[PDB]
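Participant: Chains as they are written, first to last, in our numbering: chain A, 15 to 58; chain B, 23 to 308; chain C, 10 to 163; chain D, -18 to 147; chain E, 319 to 468; chain F, 1364 to 1584; chain G, 11 to 120; chain H, 13 to 306. Note that CB positions come from ideal geometry on N, CA and C, so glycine has one too. First the structure, then my questions, so here it is.
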Amino acid sequence: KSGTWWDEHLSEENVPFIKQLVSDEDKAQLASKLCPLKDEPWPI
Amino acid sequence: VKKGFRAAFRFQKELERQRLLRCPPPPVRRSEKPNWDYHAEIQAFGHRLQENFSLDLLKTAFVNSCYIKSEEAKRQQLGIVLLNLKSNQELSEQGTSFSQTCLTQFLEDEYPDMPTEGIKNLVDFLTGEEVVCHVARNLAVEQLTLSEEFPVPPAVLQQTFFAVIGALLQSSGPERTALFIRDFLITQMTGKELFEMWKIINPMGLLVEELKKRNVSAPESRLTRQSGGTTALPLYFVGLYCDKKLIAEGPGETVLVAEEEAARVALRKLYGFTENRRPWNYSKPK
Amino acid sequence: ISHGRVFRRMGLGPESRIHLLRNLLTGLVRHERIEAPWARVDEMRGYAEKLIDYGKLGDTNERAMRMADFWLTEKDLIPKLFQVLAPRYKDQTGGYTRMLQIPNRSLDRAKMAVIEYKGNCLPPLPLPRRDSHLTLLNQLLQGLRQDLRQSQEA
Amino acid sequence: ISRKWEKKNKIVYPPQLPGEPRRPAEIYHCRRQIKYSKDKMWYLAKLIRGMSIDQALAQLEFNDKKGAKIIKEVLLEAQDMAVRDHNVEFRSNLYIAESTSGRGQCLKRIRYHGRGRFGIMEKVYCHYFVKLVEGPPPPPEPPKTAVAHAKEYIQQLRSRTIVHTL
Amino acid sequence: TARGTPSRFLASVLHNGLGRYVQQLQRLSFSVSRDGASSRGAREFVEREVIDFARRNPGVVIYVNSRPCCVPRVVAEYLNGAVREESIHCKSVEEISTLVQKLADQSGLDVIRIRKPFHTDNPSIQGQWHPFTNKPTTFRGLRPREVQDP
Amino acid sequence: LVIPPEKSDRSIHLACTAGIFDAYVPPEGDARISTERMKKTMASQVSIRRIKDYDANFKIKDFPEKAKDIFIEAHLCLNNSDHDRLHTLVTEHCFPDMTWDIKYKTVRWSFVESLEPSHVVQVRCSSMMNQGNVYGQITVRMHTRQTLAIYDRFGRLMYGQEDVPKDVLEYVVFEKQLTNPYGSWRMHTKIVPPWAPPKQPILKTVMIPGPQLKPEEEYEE
Amino acid sequence: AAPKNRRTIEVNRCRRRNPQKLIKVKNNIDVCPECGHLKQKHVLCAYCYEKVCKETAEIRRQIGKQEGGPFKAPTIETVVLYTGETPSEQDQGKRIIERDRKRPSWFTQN
Amino acid sequence: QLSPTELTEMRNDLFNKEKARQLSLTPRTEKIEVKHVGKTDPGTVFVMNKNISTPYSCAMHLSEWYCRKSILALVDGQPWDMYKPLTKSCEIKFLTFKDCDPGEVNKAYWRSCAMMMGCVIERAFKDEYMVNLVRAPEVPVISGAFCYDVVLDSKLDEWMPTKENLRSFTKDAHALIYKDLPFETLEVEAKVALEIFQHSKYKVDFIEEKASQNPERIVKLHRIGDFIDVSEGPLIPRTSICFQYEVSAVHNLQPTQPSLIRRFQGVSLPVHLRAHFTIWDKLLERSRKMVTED
Ligand SMILES: [Zn+2]
C-alpha cells in the first residue's frame, strides 16, 4: 500500500544497467520508424 | 433550593421512567405480576370465547410435562404424592387429531378441485407453529399456560393450544368444536394467496401433470404483451394456451418470470383458489 | 513572479542573508558537521562547495586569501581551509559536502538538515543504503543482465 | 465534573459458557486536563479512529502537532495496561475502537486592547478518551457499487403502492 | 401533529367479528382508597356499579384493590397484550362508568393516527388496473412501425 | 503517611503479626510419606501451655478439624466475594494476599476431598507482651484435593479447570490473639516449601521484554 | 464587516470536517533495519541519528580539552582512537583524540 | 478410481486427521522459552505454548511490523515457516525480503510460487483430460523463472497453450492470491504421506526420495485451501504476499518418448519488491525462455 518508484528497490549495480537498457530500447524504437514508406504506408 | 415536594416527586417519576427505558426489565409471566387469580382467569377464558368448558379438563390442558418435571425438581431440592398432576399430552393428541381431520373436511368440501397434497399443506399451515402461536398468544392461552420456561417456547404453546381444543371436544362435542376451529383457524386464511401458504416449486411442471390428468393438451407459452424489452425495467405478459385457447396469463419482469407466474395463475384457477372466489361462509349453519 | 530567481530571501535583507550564511559556513569549517534548518543548509551548501575551490588555489593567491578572510570569521580556520580541507579534496573535482534531512526540530517543527564535509573524523552518519544485490528483484535483474551480455558476445 | 470513563474498566462479566464465543477484551483509558484545545485535539483523535494500535502509534510519531505526542503517550500506557491487567495475550492485537476529545475546565484571563478596552481569553483545557478492543481492525466498508445502487432503486420501485385509494 | 407522531393502518385483532366477536378487554385493576376525597367517586362506583358491570362482562376479570393512594387509577389490559392506565382522580360515579364502558369496547390497539378509515384484503374482484387493461391487441403482436417477415 | 501524627496518646490497635514466629521447614520427601523431634516437640509443648493458659478449654486434637473448616469457609468466601465474613476467618496479613489479585476476576473454587488427616505440625507463641499482646501460631499440614477455575474480567477462562481435582499439599499457618477477649483462630499465612512442585502452566503466552536501550547505550551479552 | 447571522453547528461541521481539513495518513513510514525503530523513507532514523550525535559530542568535548582555548584549530588531520588501539601507519602526523571506551561496532576504523 | 472432487476430499480428510493426531500428543499447555536473537528488540524472551505457538505468534507479541515484514523464521539456525508450531525451547530470528542476505527467504518465496502454479494447473483442464502432477524442480532464482513439471493426458500430446490460455492460468493464479490463503504445513511420516498420495505415482516416488534423505523418514506436507503437495523446504506465510504473478511459458521437455513432461513456467514478485511496469515486462520476456536446472 506504500507507493514505490522505479529504482526504489534497485541495487547500486542495477541502476546504471537499467538506465542503459531502457535508453537503448528507446533509441532503437525511434530508429525503426525512419523508413515509413517501406513499411506499408497508407495511400498517398 | 426551591420549596415544595410536588415538583420533586413528579421529577422522580420521570427519572424512573427513563431509567426503565434505558434498561428495560426482563419480562416475567403475567401470573408473577400483581392482580392475578388463576381460578378467575380460567373461568373468564371460557366466557370470553362463549364456550361451556369443563373447568377440570380446561385446567389440565394448560399443564405441560415440562412444568411437572420442574415442579418435582424444586420439591426435591427443598426436601418436601400430592403432585399427581395430569399433563395435557392426552388432550393435546386428541385436539391435534380432531383439528387436522376437521380442517381437512372444511377445506375438501369448499375446494373439491385441490389435490390431497394441497389440502395437506394448507392444514399444515393452519396448524403450524407460527399461525397457532399467534392465535394462542392473542387468546390469553400463554398467560394461563403453566410452563417451565418463560417466554413459552413455540412448540409448548402449540401443544397447549390443541390441548384446549381437546378439552372443548370432550366438553361440548365435535359440532361445537368445529365452529371454534372455523372461527379462529380458518379465518387465518383471510387475504392469503394459495401459494403463500402452499409453497411449491416448478409450477409449470405441476400444471402439465394436472392437465394430463384432465386429458388437456400441454399449454403453449406465448407473449401476449411486451414493453421496455431493451430497457432495465421490462414488462412481459406470458399467456398459456391449450388448443389455442387462453387458460392463464401472468406478468413479469422477464419472460421466464412471466411464464412461471402464468403457470401459478393457471393452477389457482384449476384448484378454485382465485383471488375473486366466493368468500368463506361464516354464517350460522342452517 | 519569481521565475529564475535562484537565491532565497533570508534574514533582514541581502546583507544579513550573507552574514547568516557566513556564520553557518564558518561553523561547518570548524566542526565539519553541523545541523540547521533545511532551507538554510541548502542555501549555504553552494558556498561551502565553492570555498574549497578557492582553497585549492592556494594560500599564495591573494584573491583566494581575501575570499577566505571574508567568509571565515574565525581566522584560525583560514590555515585549516588551505592546509587541511583543500588538500583532502585534492583528487576530487566536486561533491565535497553531503546534506541529509533529519527529523523536524522539536520546538518549531522546522525542517532540518545535517551537512558535513566528506572525509571528516567524526562518527559516520546513518547514510541511506540501496537494497542488497542479493534481493529477489536484484537477482532477477542480474540474470537478465548476464543473459544480455552473453547474447551480445555471440 | 464527571469521571465515568475510568469506571468502565471495573465491569466484571459473568463467566462464559463452553459453547459461547470468545469475548473480545475492552480497555478504557483517558487523560484529563490537557493544556490543548479540544477542537485541535479532535483532528488527531479522528485520525487514528479505527486504526490498529501499531498503525496509530506510527501515524502519531511523525505528526507535528503537540497533541500527537500526548495521545501516543496515552496509547502506550493503555497498551501495557491491557496486557498487564486485562488479560490480553498479544499487545499488537489491539485497535482503536473509540477515540474522541472533550472540553476540560478552563480559566479566564484578561486580554488588553487599545483605547482602554479589553477582552477575556479562556485558557483552554481538554480531555482525551480512547477505547481499545482486542482483535484485528474491522475491515473498512467497501464503497457502494453500481449493482447495489440498481438493486436498491428497483427495490423502491417495487415497494410503491397505490396511494389514497382502496 | 401527524408528522410528529406515529401512525398505523386500520386493523383488527385475530380478525375479530369475522367468525365470532370476542371482547378484547381481559382485565380491569382498580386501586381505590378507603380514605381520601380524590377517591370518593371511585368508592361509590365500587358499591353499586362494579358488581352490575361484572355481570354483563363475564370475560373481564376485575381486581378491586383498596389501599392508601392519592390518585385512584384503573388499569385495563387487552388480549393483544396492550396495557392502558387511566386515572379516575376526583371523577364522579357517572364519569367513571362512562370511562369503564369505553375501555370495554376498545380493541386495545394504539390510539394513534389511522391512515385510512377502512381496510380490505381483496380490493379488486375484476382485476387491478394495469397499463394494458384497456389497450387493444394487434395481429401477431406487432409493435408500432415494425416490419414483419423481412 | 507511614505513621500517624506525632505525640498522640491514641495508637493503632493491631490484631495480627506480619510473619511466622519460627518458620516451620517441612522435612524433605514429606510428599513421599503422604533427638531433634523431641526438642521441637518440647518447644511446642511449652507454647501450647501458654495457649491453654489464656484459654483453658483448648484441645490440640480438635484444632485440625477446626482448621479445615476455617480453610474451606475462607476460600468459599472468595467465590462470592463475601469480604465481611472473610475478615472473621483470616487475619489482616492474609486478607490482602487472598483478595487483591482477584478484585476484578471470578474465582470458582471447591473442596473435593481430604486425602490425609490434618496434622498440627508446630505450635508456637510470640514473645510475651510485644506491645501488651501475645499471639499463638499453630502450623497445620493439609493434603486435600481441590478444583480451581479462575476467570478474567470478561468471563474468559484464565487459569485452571472447573471440573478436574488436583492434589494440593500446603502447610497453612493459623494465628490467634490470646490477650484479646474476642480473639479467634484465623488463617494467617501459607508456608511454601522450596521443593514444592511447580504450579500448573497458565493458558496464555507471555513475552518478557528485553532491556530498553537508549541510543547511547549498547546491548551486552 | 461583521457577521450578519450566527453560523449553525451544521454549517460549521461541514467546514471543520471537510476532508481538506483532516489529517492525511502518511504512507512513507518504515522500520529502521539497524535499530528497529520507525523512520520515514526520506529522513534519517531519529534513534540512530541521536546515537551518532551523542558519540560526536563526546569526541568534540575531548577535542576541546586538547585545544584548551579559542582560536586553536589544528593545521593537521585528526583521528579518534578508542581503548586498546594504537596509531596506524596512515594515522601518523594526525592529532590523536582518545576516547575512554570501546570502539562502537557502527564506527568502523578507516 | 476416485473422481477429482472426491480425491481432494479424501486427501484433506487424511491431512486433517493427521493434524488432529499430532495436536493430541501434547500434554495440556506445556510451555517453551523462545529467546529472540535478532538485531532489533534484543533479549526478548517468549514463553510460548509447545506445538501450538508458531513464529507468527512471537511476532504478534512484538508488533504488527514484524508480522507484515517477517516472511520466514530462523529457528536454531534452521529456516522455519511462520505458521509452523514451535516444538522446543530455542532461539528465533525473523527474516525479510530486504535482509542483506535474503537467500533463504528467496527460496521460500520461490518454492511457494511453484506450488501455487501446481494448484491452478491441476484445476484448469477439463475433466475429460487427466493432469498428473510430477514435481516442482528446484531452479535458482537467477534463472529468471520458476518451473513446475507436469504430465498431461495423451489426448493433449499435440496441444500447446495459446496466449489467451496462458493468461487464463494467470487469472486463476491471481484469484488464489486474492483469496489470501495461509500456507499450512504438516511434517508427517512417509507412511502418512504415501497414503495421501497413493493414487499418484510421481508423488510416491518423490515422497520415497525425501524420506530416504532423512533418517526419521518424515516428509514435509503443505496445503493451501484444498490443494496438498509435497515440498522441498519452508514456505511463505500466505499467498497474499505475491503481487505480480504471471504464468509465462509452457515448454515440452526432451526426451518425449517415455512421457511428455510439460514444464510450466512463471515469474512473480512480492508486494515488498514490486517492480515498475517497464521493468516487469523485461522480466516476463526472460521468464518465457526455458530453464535447465543444474
Ligand atoms: Zn535506527
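1) Determine, for G/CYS58, whether the minimum Cβ-Cβ distance to residues of chain H falls below 8 Å.
2) In chain order, what are the residues with a CB under 5 Å from some non-hydrogen atom of ligand 1?
3) Taking C-alpha atoms, which residue in D/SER(-17), D/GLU(-13), D/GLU7, D/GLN60 lies nearest to F/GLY1518?
4) Determine the extent of the beta strand (DSSP E) in which F/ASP1530 is found, giving its start and end residues.
5) For a cutoff of 8 Å on Cβ pairs, would you count G/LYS14 as touching chain F?
6) Going by Cα to Cα distance, which pick from F/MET1491, F/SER1489, F/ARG1448, F/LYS1424 is closest to F/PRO1480?
7) Report back the beta-carbon spacing between H/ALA205 and H/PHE158 to the nearest angstrom; my notes put them in contact at under 8 Å.
8) Could you compute how far the alpha carbon of B/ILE203 sits from the alpha carbon of B/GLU139?
9) Excluding the five sequence neighbours on either side, which residues of its own chain have a C-beta within less than 8 Å of the C-beta of D/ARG4, listed in chain order?
10) Go through the segment 227 to 296 of chain H residue by residue and report every complete run of the beta strand (DSSP E) that reaches 3 residues or more, in order.
11) According to DSSP, what are the bridge partners of F/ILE1501?
12) Using beta carbons (cut-off 8 Å, strictly below), is F/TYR1514 in contact with chain H?
13) Start and end of the beta strand (DSSP E) containing B/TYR263?
14) Quick check: the segment 337 to 353 of chain E against the segment 373 to 392 of chain E, are there 3 or more CB pairs under 8 Å?
15) If we cut at 8 Å on Cβ distances, does G/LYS75 have a partner in chain F?
16) Does A/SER37 come within less than 8 Å of chain C when only Cβ atoms are used?
17) Assuming F/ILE1554 and F/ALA1381 are in contact, meaning their beta carbons sit under 8 Å apart, how far apart are those beta carbons, in whole angstroms?
18) Quick one, which residues of the segment 72 to 96 of chain D are near chain H if we go by CB-CB under 7 Å, in chain order?
19) Is F/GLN1509 near F/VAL1531, with beta carbons less than 8 Å apart?
20) Please report the Cβ distance between B/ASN110 and B/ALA30, rounded to the nearest whole angstrom; I am assuming they are in contact, meaning their Cβ atoms lie under 8 Å.
21) Tell me whether B/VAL154 is buried or exposed, calling it buried when 16 or more other Cβ atoms sit within 10 Å of its Cβ.
22) By how many angstroms is the C-alpha of H/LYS105 removed from the C-alpha of H/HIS48?
23) Can you tell me which residues form a DSSP beta bridge with B/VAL154?
24) Note down, in chain order, each residue of its chain lying with its Cβ closer than 7 Å to the Cβ of H/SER124, except the 5 sequence neighbours on either side.
25) Looking at C/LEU37 and C/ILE124, is the spacing between their C-beta atoms short of 8 Å?
26) List the endpoints of the continuous alpha helix (DSSP H) containing B/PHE128.
27) Residues of chain D with CB closer than 8 Å to the CB of F/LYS1567, please, in chain order.
28) Can you give me, in chain order, the residues of the segment 1547 to 1574 of chain F that have a beta carbon less than 7 Å from any beta carbon in chain H?
29) Looking at the strands, I want to know which residues DSSP matches up with D/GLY100.
30) Between the Cα of C/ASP51 and the Cα atoms of C/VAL93, C/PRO23, C/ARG118, C/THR106, which residue gives the shortest distance?
31) Using DSSP with H/G/I as helix, E/B as strand and the rest coil, what is H/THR20?
32) Quick one: grab the DSSP three-state call for B/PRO225.
33) Between H/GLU201 and H/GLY89, what straight-line distance do the alpha-carbon atoms span, to the nearest angstrom?
34) For H/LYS43, go through chain F and note every residue whose CB falls closer than 7 Å to its CB, in chain order.
35) If you measure beta-carbon to beta-carbon, which residues of the segment 1515 to 1533 of chain F are closer than 7 Å to chain D?
36) For C/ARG97, which of C/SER160, C/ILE27, C/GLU41 has the nearest alpha-carbon?
Facilitator: Reading from the atomic positions:
1) Mapped onto the seventh sequence, residue 58 of chain G falls at position 48. Output row for G/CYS58: interface = no.
2) Qualifying residues come out as G/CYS42, G/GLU44, G/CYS45, G/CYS55, G/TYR57, G/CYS58.
3) Counting from one through the sixth sequence, the residue named residue 1518 of chain F turns up at place 155. Ranking D/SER(-17), D/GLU(-13), D/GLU7, D/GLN60 by Cα distance to F/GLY1518 puts D/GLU7 first.
4) Residue mapping note: residue 1530 of chain F aligns to position 167 of the sixth sequence, counting from 1. In the DSSP assignment, F/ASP1530 falls within the beta strand (DSSP E) that extends over 1529 to 1540.
5) The sequence position of residue 14 of chain G within the seventh sequence is 4, counting from 1. Closer than 8 Å to the CB of G/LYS14 there is not a single CB belonging to chain F.
6) Position 117 of the sixth sequence, counted from the start, is the residue given in the question as residue 1480 of chain F. Looking at the Cα atoms, F/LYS1424 is the closest of the given residues.
7) For the purposes of this step, residue 205 of chain H is identified with residue 193 of the eighth sequence, where counting begins at 1. For the purposes of this step, residue 158 of chain H is identified with residue 146 of the eighth sequence, where counting begins at 1. Taking a contact as a CB-CB distance under 8 Å, the pair H/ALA205 and H/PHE158 does not count as one, their CB atoms being some 23 Å apart.
8) Numbered from 1 along the second sequence, position 181 holds the residue referred to as residue 203 of chain B. Numbered from 1 along the second sequence, position 117 holds the residue referred to as residue 139 of chain B. Each residue's Cα considered, the two are about 21 Å apart.
9) Sequence index remark: in the fourth sequence, residue 4 of chain D carries index 23 (1-based). For D/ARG4, where only same-chain residues beyond five positions count, the Cβ hits under 8 Å are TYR(-6), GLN(-3).
10) As far as the segment 227 to 296 of chain H is concerned, its whole beta strand (DSSP E) runs of at least 3 residues are 230 to 236, 239 to 242, 254 to 264, 273 to 282.
11) Looking up residue 1501 of chain F in the sixth sequence gives position 138. Answer by DSSP bridge pairing, in chain order: F/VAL1486, F/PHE1537.
12) Residue numbering aside, residue 1514 of chain F sits at position 151 when the sixth sequence is read from its first letter. No, its Cβ sits nowhere closer than 8 Å to a Cβ of chain H.
13) Your numbering for residue 263 of chain B matches position 241 in the second sequence. For B/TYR263, the enclosing beta strand (DSSP E) has its first and last residue at 257 to 263.
14) Between the segment 337 to 353 of chain E and the segment 373 to 392 of chain E, the count of C-beta pairs closer than 8 Å reaches three or more; the two stretches touch.
15) The count along the seventh sequence starts at 1 and reaches residue 75 of chain G at position 65. By this cut-off, G/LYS75 is not an interface position.
16) Indexing the first sequence from 1 puts residue 37 of chain A at position 23. Interface annotation, A/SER37: not in contact with chain C, CB-CB separation never under 8 Å.
17) Along the sixth sequence, one-based indexing puts residue 1554 of chain F at 191. Along the sixth sequence, one-based indexing puts residue 1381 of chain F at 18. Contact between F/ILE1554 and F/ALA1381 does not hold, since their C-beta atoms are separated by about 15 Å, which reaches or exceeds 8 Å.
18) For the segment 72 to 96 of chain D, which is checked against every Cβ of chain H, the residues closer than 7 Å are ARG72, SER73, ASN74.
19) To locate residue 1509 of chain F, count along the sixth sequence from 1; it is residue 146. To locate residue 1531 of chain F, count along the sixth sequence from 1; it is residue 168. A contact, by the Cβ cut-off of 8 Å.
20) Taking the second sequence and counting its residues from 1, the one referred to as residue 110 of chain B is at position 88. Taking the second sequence and counting its residues from 1, the one referred to as residue 30 of chain B is at position 8. About 52 Å; that fails the 8 Å criterion.
21) As a working note, residue 154 of chain B is residue 132 in the second sequence. Result: buried.
22) For the purposes of this step, residue 48 of chain H is taken as residue 36 along the eighth sequence, with counting starting at 1. For the purposes of this step, residue 105 of chain H is taken as residue 93 along the eighth sequence, with counting starting at 1. Straight across, the Cα-Cα distance linking H/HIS48 with H/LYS105 is about 6 Å.
23) The sequence position of residue 154 of chain B within the second sequence is 132, counting from 1. Beta-bridge pairing links B/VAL154 to no other residue.
24) Within the eighth sequence, the letter at position 112 stands for residue 124 of chain H. Cβ neighbours of H/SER124 beyond the five flanking positions: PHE195, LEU247, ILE248.
25) Here residue 124 of chain C refers to the residue found at position 115 when the third sequence is read from its first residue. Here residue 37 of chain C refers to the residue found at position 28 when the third sequence is read from its first residue. In this structure, C/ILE124 sits near C/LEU37, with a CB-CB distance shorter than 8 Å.
26) The count along the second sequence starts at 1 and reaches residue 128 of chain B at position 106. Unbroken alpha helix (DSSP H) run through B/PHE128: 111 to 132.
27) Locating residue 1567 of chain F in the sixth sequence gives position 204, counting from the first residue. Under the 8 Å cutoff, chain D gives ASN68, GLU70.
28) Cβ contacts with chain H: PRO1564, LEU1566, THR1568, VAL1569, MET1570, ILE1571, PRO1572, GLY1573, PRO1574.
29) As a position in the fourth sequence, residue 100 of chain D is number 119, starting the count at 1. For D/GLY100, which the question treats as bridged, DSSP gives the partners D/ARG92.
30) As a working note, residue 51 of chain C is residue 42 in the third sequence. C/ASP51 has its Cα closest to that of C/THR106, out of C/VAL93, C/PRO23, C/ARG118, C/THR106.
31) The residue labelled residue 20 of chain H in the question sits at position 8 within the eighth sequence. Looking at H/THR20 - three-state DSSP - the assignment turns out to be helix.
32) Here residue 225 of chain B is taken as the residue at index 203 of the second sequence, counted from 1. It is helical.
33) Numbered from its first residue, the eighth sequence carries residue 201 of chain H at position 189. Numbered from its first residue, the eighth sequence carries residue 89 of chain H at position 77. Taking the straight line from one Cα to the other gives about 23 Å.
34) The residue labelled residue 43 of chain H in the question sits at position 31 within the eighth sequence. Per Cβ cutoff of 7 Å: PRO1564.
35) Within the segment 1515 to 1533 of chain F, those residues whose Cβ lies closer than 7 Å to any Cβ of chain D are, in chain order, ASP1515, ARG1516, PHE1517, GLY1518, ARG1519, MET1521.
36) Locating residue 97 of chain C in the third sequence gives position 88, where the first residue counts as 1. Closest option to C/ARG97, judged by alpha-carbon separation, among C/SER160, C/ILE27, C/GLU41: C/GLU41.
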